[PDB]
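Protein chains in written order, with the authors' numbering: chain B, 28 to 753; chain D, 28 to 753; chain A, 28 to 335; chain C, 420 to 502.
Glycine included, every Cβ here is placed at the ideal spot set by N, Cα and C.
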Amino acid sequence: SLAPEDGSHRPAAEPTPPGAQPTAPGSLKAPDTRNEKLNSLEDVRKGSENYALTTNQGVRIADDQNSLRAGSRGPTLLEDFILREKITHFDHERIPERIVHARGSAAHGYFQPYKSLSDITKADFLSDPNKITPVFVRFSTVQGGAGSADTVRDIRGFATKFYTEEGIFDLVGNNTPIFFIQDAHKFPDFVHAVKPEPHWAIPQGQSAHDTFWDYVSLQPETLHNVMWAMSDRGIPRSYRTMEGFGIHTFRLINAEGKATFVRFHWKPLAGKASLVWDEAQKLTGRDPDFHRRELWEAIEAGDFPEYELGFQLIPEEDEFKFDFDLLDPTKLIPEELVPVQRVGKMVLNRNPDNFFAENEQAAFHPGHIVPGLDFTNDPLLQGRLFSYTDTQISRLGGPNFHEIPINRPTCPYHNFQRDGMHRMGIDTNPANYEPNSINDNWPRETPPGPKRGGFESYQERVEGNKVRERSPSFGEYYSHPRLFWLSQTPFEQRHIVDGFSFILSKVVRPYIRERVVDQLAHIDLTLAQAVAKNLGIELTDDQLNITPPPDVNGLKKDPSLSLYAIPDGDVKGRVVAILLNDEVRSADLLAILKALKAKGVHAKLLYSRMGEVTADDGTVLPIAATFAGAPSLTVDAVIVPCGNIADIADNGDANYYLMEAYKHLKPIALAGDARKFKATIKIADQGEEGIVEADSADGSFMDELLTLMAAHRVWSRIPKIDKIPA
Amino acid sequence: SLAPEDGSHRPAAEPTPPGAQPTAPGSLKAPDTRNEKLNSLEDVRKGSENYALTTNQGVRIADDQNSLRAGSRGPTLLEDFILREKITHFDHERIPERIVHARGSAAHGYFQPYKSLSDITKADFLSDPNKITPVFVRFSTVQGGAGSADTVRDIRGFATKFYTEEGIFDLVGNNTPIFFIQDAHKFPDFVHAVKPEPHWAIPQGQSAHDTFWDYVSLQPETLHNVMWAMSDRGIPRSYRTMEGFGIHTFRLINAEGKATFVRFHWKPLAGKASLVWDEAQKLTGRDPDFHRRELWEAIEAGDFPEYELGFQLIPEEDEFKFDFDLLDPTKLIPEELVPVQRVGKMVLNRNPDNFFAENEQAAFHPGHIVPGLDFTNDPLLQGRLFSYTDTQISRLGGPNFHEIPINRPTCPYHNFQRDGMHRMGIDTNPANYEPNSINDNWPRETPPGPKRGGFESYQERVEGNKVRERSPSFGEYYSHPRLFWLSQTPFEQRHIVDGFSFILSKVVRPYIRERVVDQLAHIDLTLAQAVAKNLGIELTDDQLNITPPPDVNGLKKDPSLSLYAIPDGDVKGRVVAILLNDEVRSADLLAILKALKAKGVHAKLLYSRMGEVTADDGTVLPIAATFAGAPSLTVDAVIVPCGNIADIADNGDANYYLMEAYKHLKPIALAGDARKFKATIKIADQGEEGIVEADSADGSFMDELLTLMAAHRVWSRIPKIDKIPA
Amino acid sequence: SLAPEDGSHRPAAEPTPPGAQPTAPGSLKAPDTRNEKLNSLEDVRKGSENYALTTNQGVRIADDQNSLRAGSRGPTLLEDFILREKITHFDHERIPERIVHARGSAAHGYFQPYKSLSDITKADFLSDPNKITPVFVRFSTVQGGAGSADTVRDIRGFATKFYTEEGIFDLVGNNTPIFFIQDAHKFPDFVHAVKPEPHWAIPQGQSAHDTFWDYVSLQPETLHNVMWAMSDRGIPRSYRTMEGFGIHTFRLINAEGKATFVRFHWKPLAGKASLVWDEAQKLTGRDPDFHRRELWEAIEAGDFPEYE
Amino acid sequence: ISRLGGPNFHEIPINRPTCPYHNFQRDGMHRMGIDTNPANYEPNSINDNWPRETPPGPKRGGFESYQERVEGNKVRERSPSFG
Ligand code: HEM
Ligand code: HEM
Ligand code: HEM
């Protein structure tokens, strides 16, 4: 038998910290985590243990190692149906990846409201706090292929499928509150410009190329989302630590028929946190699956991703009360003007069993609404409603994609639609049309109503000529980018400048760089000059003279637009690298591990080889990874306990570990003779804010380090990192 | 509520004769008819009564009569996701039809062996007479599309899927015991020659065109199956009244590893019966769905199609004992040489619920065998094994077609195949490869053995060089055609001559007709002369002198090759037209209807209009159809009861009804004054064989009519019909 | 050589009456008949005479009569790439038929206006009586599949693709001047009710069944087109002898921007003529390809279908 | 067949031979080539059997497999020489 005697092949079916066990299909890892959607998938889950290997026709296979041949050195025979079924299935495994958002990672969970919303919406899923709705959520990047890296600079997708009692609602959002373009007719142009260029299909997962910046320079409506992408919002630490937005204004409709405009928000209960660029880019090379891994291992540990759903609500009479058009998806609604009302909480608590069957095949579409919601005339939303139904026809093979298990509603569905490729449902209705007498008109229409009623559009007044024309109210491009800029902390503004500077340096045609700097000068001169200086460009007098755009309804900043201005840090689910030596001070390691456990912070024990080392008191410590195998890129903070520090003092890899973490603004803590490493990061004898140092690891050394971790990164260190060659 | 208040819209859920009630889905017509496969389809059967109409996402629809528009006379809006989901699904309802056998009709049933065959085969489904195997059978024509007519002249397909406990076994046969060609490499040539011609796509459902006979004239191997297609075997009365054959020699393998050669047969328990050509061709116009309809209505009546499986068995030591090669699919094995041993019984006892989902998506493939069976080197079989797997990947949309509910095994299936379009099964196995340790190598290979073993091929010796070469043993083309011809009755030989004569008359290029006639002269000079005379062709002295091919192992005829030489008539399930008048003798009608009921023979009451007529004694007679609506083509015999004959005596439709029935050799019975119709069909005063006549329908009138019905048709009338203008 | 000595295997490349010669591909039957669209298809026309038989990769085949096997009575070998290519292509011949109007018959031709219509429309194809526009036209039935019969009782389609200098215009019409239903939302209902019923897939090519009349009886907007279908309009003699209509009101827009409402009509220059029902129905059995054949043969004879 | 959408992938321009190709195969999704041969089968007489098979030869001949000797039983077995 091939499994090891000791049973160490099999992960424990209990939550465990990252790296402690091999990861596993969600139903094997967490068999008692259930919701109505996960339970309904039971009819299609297939096991394996104790079953005979068969063909797809149920024929048991005797020899799965050899083709059938004429003699054991002879030709393969065409009658080998076993070989050919197995190779045919393999030959046809792939399906088209998504046209955008092809790279994505997904989990099961549930949603529950905090109170009934029946005064604003008759949506059944929001009617009662004890109504639990299963969800399936997929997070994604935008530009790269399904095989591209996770920690690129990109917008991120945040798509949620609610399996409600009155239908599937998909909330298909992103991690920034606006889009790049105004009208869906432009989407193939913008997407072509950002995707790999058509001659040579370079670059992957990057906007750092001429075509993108050509389009941006000629389409200033893109400048607002460009500012977000260039900020640290473009490189989140985790899907758990980014915001989500629906972007468009939609409508809530109550049982009285009153419409309220809404924009949707997701607020991360782990707080907001992003990488820095150098770290992000390096992480695409050292772990291109970092975000997929982080999400799966968080759920396996019980560090469930949690988000609060939020609504910005604007009465119908206030449609024209702002400086910008509510229908314009390049404009955000500042939370200073319209606060976010917190409406419920979503928890993602179970990984899929099979990536392909549940994540790759999942189909989300913003036109999947339910009674109690309605659309608006936002012209980007309007065109999206067409695109998602259409693309699913080729990507998923035909018009029965709703019968793919992950996409099936959990509520009833009955109608007169029939056939299509890979039809699963076998209809018994004598009628396949209505009106019909032969089945007494079943299934029947249902009038709209306050609950379980049929869908009826809000009777919005339409008045105008049939025109292909952009609303003049959408023609203002610079005041939102300026508001976002002025709402950033000084360090966030510096990262924006550096984002633009690094990227535009990779544009080959210099006039495109100059055209973009000209657009920046319409937003903010300080920004425009700081980017220009890095590109060797000089602003003209005309450019130094452009009048700033106006404030937004009297606002010259909104701190809700910054990642870091208002503290919201949570250390639960973060990870620290502990750099070991061959006789660790065991009292340091006890203290550290204890303090980390108390806050839900994981640790990884690192050394120069695998296996184990022995602590001063004889404790055997198991090594998780090498210095070079689990780089500082992958952790939040680094601790070096006392002991035989000469063992690692001259280890290039250990030195570099600390140089890299320092450069990336991560908290570092040094105990006892570990303080010899201060030399490598150039720290004055008297200490520096963000380096924790003491004679040993006592309770106070840990409180200080965990305080640095709650603030995420040590922004005050930025002017000091220039001198470190890392 | 649109249903009539009397509930007449819904058919009774109990057996009823053809036409008595509207037809229905099999689970609503016969809910208590169950088998293991029909029970396993419960998970995908969808009802309808009492359910709300929804989108495929489960959203209730309020108004399924209107698109969303800006104003009730305004333009339709892109945001109507309900209109677009409904039209998108409709727009994608069609899938490719089968490349051959596109037109076919199917039903569910079950099979049981009469005794255990474990001495000759370890096949589980043949191991125990109390083992019931569910089946799904599809009957088909070969050339025409899925919308072509049923009663064309063509070979028929007879495909049976056995859902066994050790795997699906598909026995994919035809209604003749040989095929047209020897090696699969020719199959696209042959099928292209018989299909509609490629410039204009004509003719549908017919071999009566130049390309077919061009290929035949140049490929004498085809002549044997051509003889059968030109005979009345090419125009079966019903799928219930044709034979089936697997054509190829296969092997049975027993638990001791002994191989026995086998050819598969199905014998129709209802007997063998065919139409005549003019009737068949007329019926393609008046009811192009006649065989589909007859199959479905026989099942709803309780007249279940029954067939007996039988095997012709030949020991391995006797492979070379015949004048023909066992591996040559253009050669039959005469039952006089190798008798068919009865093996078991198949009953088809339930119709599908949804034709598309179950019939159209069904996939049969002769490579689907189970342990206990194996292949031989028949070069036509060997190529089929490649084709069915391949075609199904495009027809059914991908490699997961075994997950379509009709195709699923009822036994366990587990393996390491993953993904593909339309993937339903969600695999939870940690491993997707073997050998593996992480799942202790499950699912595991199973050694071969007497029961529940893995499949291993019979270790047949192969010896020879890699060649593209036809075996010289296959190089004989005329002896089997001659054996078939000499085995037919004189009236069957007349119909074969008429078959060739009518069909070659449609070949436009006369030299092709002359080439076919020359091939006939190598089969039998009497056949060749009779066909030449009809075509205005004179055989040359050379042709008159071709020597006949040899007898087949000493045989000069085998009566098992004729439809009619050995009586096997069965009247149950047949149908008689009764031509009413406005004052029917009610005592005639009582005697006629009860005698037919007692033998399971159906009746259809016909008149010149719909509604009712009233018999001499006041009995109200409900009319099934008019004389034009339900022509004689659709019944087996015609009865005219006494009454007011002058009512119908001058009705051109009634007279022509009898003229057509008479021409087509059907029994006709005339009571009382109905004898006045003797002048219409030119019957002598003292009467003639095949016309039943009496003063009333009492005494022996119905027994005499039923005796004629058991003989099927009045062959003795053939020389009398040439004169009547019908 | 397999052809007969006298050359009678090959139809004359001149106009001939129906039945005088075997029918043939248009470019072989009428090589001097050309238009801009027929010429443009030259890049993809493939001949055959004097060429070697090859795989799709251009490899010449020596023996197209046999699979590769180990001995001449032995098993077929997986390395036979010639057999597998030929059988792969055959196995993948079919594509889905059209959801409606799956049975149809088509020909090439040309159009030209009698006079410029520039007062009412700027459409370039209507701008000059001497500017000829190629067309491709398909006629069809509605309900039956691609292999159903021609002379059923049904509405007929009349679809014309005009290959204009300013883009393709498709006029996709039928042979009666109205449709059965008012709103496209109901089309899948109406089509389902007319098509073969879902349990047993019967009847083909026929509205003579319960579901269709159930729908009609509950949707009186259907009655107009039902009248046309029940008249001898439902059974035309030929596609040359029926009317065509676009059904919907469309607009014409001239250079000054003026809109005029328009309905489109085709008038058959051969006249209007239909079968009688007993004839139509028997002809579905004796020649289910009657209209397809009659159209192709009229064109081979020089009796070109003409419409106004 | 599934990656490139059907059996006519040799007609996608990059995959096309530059040398002649002619046979009796027809149809399939995405069919570009418009065949004018009156026959779509062989042997035929109606187009004098063209396009025709070609015997093997030193240049420009038909493909024939090398006539390697095959001898053994039908087995699913690795050759011991591979172990
Ligand atoms: C506010 C603007 C938009 C946002 C927030 C948005 C968000 C997303 C997200 C999150 C996904 C990935 C869903 C998944 O995980 O499977 C997605 C996929 C997609 N988006 Fe959008 N998108 C926007 C605009 C558009 C526009 C204007 C179009 C086209 C008109 C479009 C067409 C698509 C298509 C074709 C896919 C692939 C869907 C699939 O294959 O199932 N997107 N988008
Ligand atoms: C003894 C000779 C043969 C018999 C008895 C036979 C019988 C049949 C039958 C009954 C069907 C229809 C199964 C159904 O109802 O779905 C069928 C379909 C098929 N046949 Fe065969 N056949 C023969 C030879 C061949 C050969 C030589 C090839 C190709 C090498 C072939 C390729 C096909 C294909 C592609 C289909 C359609 C299968 C599908 O789409 O699922 N047939 N044949
Ligand atoms: C005025 C009413 C209509 C007329 C005159 C009409 C006419 C036709 C004709 C002549 C064709 C066949 C074109 C060809 O030869 O390939 C066709 C195909 C079709 N029709 Fe319409 N039709 C009408 C209404 C509709 C409606 C309301 C819909 C759906 C909303 C529709 C959907 C289709 C579809 C899906 C096809 C198949 C087209 C293809 O596969 O290329 N038809 N129709």
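Can we count residue i as close to ligand 1, meaning its CB is less than 8 Å from some heavy atom?
{"i": "residue 266(B)", "result": "no"}
{"i": "residue 127(B)", "result": "yes"}
{"i": "residue 256(B)", "result": "no"}
{"i": "residue 425(B)", "result": "no"}
From the DSSP output, which residues share a beta bridge with residue i?
{"i": "residue 278(D)", "result": "288(D) and 401(D)"}
{"i": "residue 139(B)", "result": "372(B)"}
{"i": "residue 408(D)", "result": "Residue 408(D) pairs with nothing; no bridge assigned."}
{"i": "residue 186(B)", "result": "165(B) and 199(B)"}
{"i": "residue 339(B)", "result": "290(B) and 367(B)"}
{"i": "residue 334(D)", "result": "295(D) and 373(D)"}
{"i": "residue 579(D)", "result": "582(D)"}
{"i": "residue 454(B)", "result": "73(D)"}
{"i": "residue 178(B)", "result": "The partner list for residue 178(B) (beta bridge, DSSP) is empty, contrary to what the question assumes."}
{"i": "residue 2(B)", "result": "The requested residue 2(B) is not part of the displayed model; chain B covers only 28 to 753."}
{"i": "residue 482(B)", "result": "88(D)"}
Name the two residues that bound the continuous alpha helix (DSSP H) containing residue i.
{"i": "residue 254(B)", "result": "250-257"}
{"i": "residue 308(A)", "result": "304-313"}
{"i": "residue 636(B)", "result": "Per DSSP, residue 636(B) belongs to no alpha helix (DSSP H) and is neither H nor E."}
{"i": "residue 319(D)", "result": "317-328"}
{"i": "residue 540(B)", "result": "537-547"}
Following a CB-centred definition, is residue i positioned closer than 8 Å to any heavy atom of ligand 3?
{"i": "residue 184(A)", "result": "yes"}
{"i": "residue 518(D)", "result": "no"}
{"i": "residue 201(A)", "result": "yes"}
Going by DSSP, what residue range makes up the beta strand (DSSP E) through residue i?
{"i": "residue 161(A)", "result": "160-167"}
{"i": "residue 666(B)", "result": "664-667"}
{"i": "residue 599(D)", "result": "It is not in any beta strand (DSSP E) - residue 599(D) carries neither H nor E in the DSSP assignment."}
Would you say residue i touches ligand 2, meaning its beta carbon is less than 8 Å from a heavy atom?
{"i": "residue 392(D)", "result": "yes"}
{"i": "residue 275(D)", "result": "yes"}
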